[PDB]
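As structure tokens, one chain now follows by itself in the form deposited in one PDB entry.
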């Protein structure tokens, strides 16, 4: 077992899908996995294991923020033999040509955190995903008919930022969406030698919030998950 995960070696697949919300991790195991079993529930951070089209897959929440997801991804990679981590979450839009319900894939992730400077002797560590995972994700989305955008994400430490003028900067350097974990997970993946990726759906538009209809918002979230799950099979081949 582990300080934050009460399970044993074998309980998880070598691939773990991670939503920020635990209740959302249960929703995924319910909707897409066959024969899903709960493998952890410490602090209410639900984790499940099952199979998709015959492939052993796991899904577990990682909580909000870099400090939170860092603890979990680290314990999985170094104590449960996990090799891949695909974060499937939500992000806010900054660029105008980016619309609600757009699937974005973070090849890289900018940040206002200090975690990577701490690991990188205070220089700039470019937090990036695994190239193959990005490609698998891009090819799966195409098969499903979705036109995914691949670029930079911004991982913020303050959801309720004091500044706000930093949003002008993000849009200027082409940031595709803002969330809160990418840069942290990538930093962890680099540190312990595993592979990670982050896919997001635009939850709202910083510029002008607002959304469409629940039915459509939920269809796009499912499209994202199918791309995540399908990209894995694709990577097995």
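Numbering follows the first chain given and starts at 1. Heads up, when I say rigid core I mean the largest set of C-alphas that superpose within 1.5 Å between the two forms. Only residues modelled in both forms are compared.
What comes next is about the form deposited in another entry, which does not appear here.
J.: Any CA movement of 2 Å or more for residue 9 between this form and the one not shown, core superposed?
T.: Where the cores coincide, residue 9 shows only a C-alpha shift between this form and the one not shown that is less than 2 Å.
J.: Rigid core fitted, is the C-alpha displacement of residue 222 between this form and the one not shown 2 Å or more?
T.: No: residue 222 shifts by under 2 Å between this form and the one not shown.
J.: So, superposing on the core, is the move of residue 212 at the CA at least 2 angstroms between this form and the one not shown?
T.: After core superposition, the C-alpha of residue 212 moves 2 Å or more between this form and the one not shown.
J.: Shorter or longer C-alpha distance for residue 212 and residue 145 in the other form, given it differs from this form by 3 Å or more?
T.: It is farther: the C-alpha separation of residue 212 and residue 145 rises by at least 3 Å in the other form.
J.: Compared with this form, is the residue 145-residue 215 Cα separation smaller or larger in the other form, the difference being 3 Å or more?
T.: Farther apart, by at least 3 Å.
J.: Could you point out the stretches of 3 or more consecutive residues whose C-alpha atoms all move by 2 Å or more between this form and the one not shown when the rigid core is superposed?
T.: Core-superposed, just one run shifting 2 Å or more comes out: 210-220.
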